[PDB]
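Heads up, the chain below is alone and in the form deposited in one PDB entry; it's given as structure tokens.
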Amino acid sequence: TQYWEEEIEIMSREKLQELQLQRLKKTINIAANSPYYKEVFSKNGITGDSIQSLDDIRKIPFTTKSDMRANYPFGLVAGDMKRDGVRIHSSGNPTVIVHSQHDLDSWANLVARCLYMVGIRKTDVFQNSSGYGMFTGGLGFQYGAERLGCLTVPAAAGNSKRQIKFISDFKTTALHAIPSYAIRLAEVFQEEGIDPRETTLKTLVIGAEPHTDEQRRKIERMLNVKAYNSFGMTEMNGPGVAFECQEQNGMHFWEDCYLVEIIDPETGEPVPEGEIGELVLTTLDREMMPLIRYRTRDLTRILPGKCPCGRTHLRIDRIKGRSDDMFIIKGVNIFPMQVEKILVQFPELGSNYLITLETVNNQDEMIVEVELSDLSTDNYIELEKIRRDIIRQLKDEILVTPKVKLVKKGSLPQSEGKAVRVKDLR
């Protein structure tokens, strides 16, 4: 195994904790200068002596998206923005993250660290099909990949024909795409008469949206690549927060730059070790605008045990779904991943699907539209048998009986960005 920063990546749990505590104290002292935490810390009796251990963080209230919207745009800016601010990023009212040069360098180093871990080197041709501008994925991977030294191709979002031309003519080896756009690319290669398994592509970086392991394995087969799960959010910089190692089993969270908590969304207490809860994060290397115990609304768990790659930084499971992604139908709580985890195991089905929620008279109804695979199987009796097995397997998982419609390949809508899997018309 090769590391970008070996001394940090394989640091003992004991030394890593002392580093987190040193940086947690510094973060709280910096945050105290912002109008928001000056008031929060004052009202909750948070002083320079309040944090003596990492468990003392639980003395501080959570920071919510609502708290951030209420303090838009610069209520949480702790540093001297006029003197040291170098960038404003965005994601009703948008969320603003203000960065200093230190913050951008720390972020670029984390992205380089992530890319290096999955085997990308300066000899790689890295193409970024993420949107640029206010999108953190754009400039975040651009700076990270340049810090590593890749020959970068700043393709940006859309124009699939141009994307394929760049891969073919510039001999791209590493590609950053949202999982649903990675599938569209394989299809565009075939449309342009190129075998998607015989290109120069070797590594794919996929994140931005929840997706199953089988969806990633489908992408790996279509393009004959190794695809890696990438976790990020604007509040936490963007990309580079958590990332799979070459074991493809859990995403390593960089604990030298983040303090990770998994809380019970109801009680607000830490969940038992290894249980699903809401991911709550604290920045440990941000200076202009630190975030303390930020409630991400993302649900996941901490995967136990040390990893065979030798890294000592904890691993998180793939995101189950966001809290706002959940929908209630006939009194039952359902997540769109529960539907995807069932649909992906059928090889007769495609990758695009849509959940539609409607009211028929006074009763709510759930419709699951899923595209059929290009791989023949055009037999009504056999397809209808599979469709019945889909309703059956859904009913057992989501504990409600949905309507399932098998639709033509490419008939469902395709977004320019993250896929919208639920359309609620109630």
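All residue numbers refer to positions in the sequence shown, first residue = 1. Take the two forms, superpose them, and find the largest set of C-alpha atoms that agree within 1.5 Å; that set is the rigid core.
Although it is not shown, the form deposited in another entry is what the next lines describe.
Relative to the superposed core, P272 undergoes a C-alpha shift smaller than 2 Å between this form and the one not shown. A displacement of less than 2 angstroms separates the C-alpha positions of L299 between this form and the one not shown, with the rigid core held in common. Relative to the displayed conformation, the Cα-Cα distance from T356 to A157 shrinks by 3 Å or more in that other deposited form. The distance between the CA atoms of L357 and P210 is at least 3 Å shorter in that other deposited form than in the form shown here.
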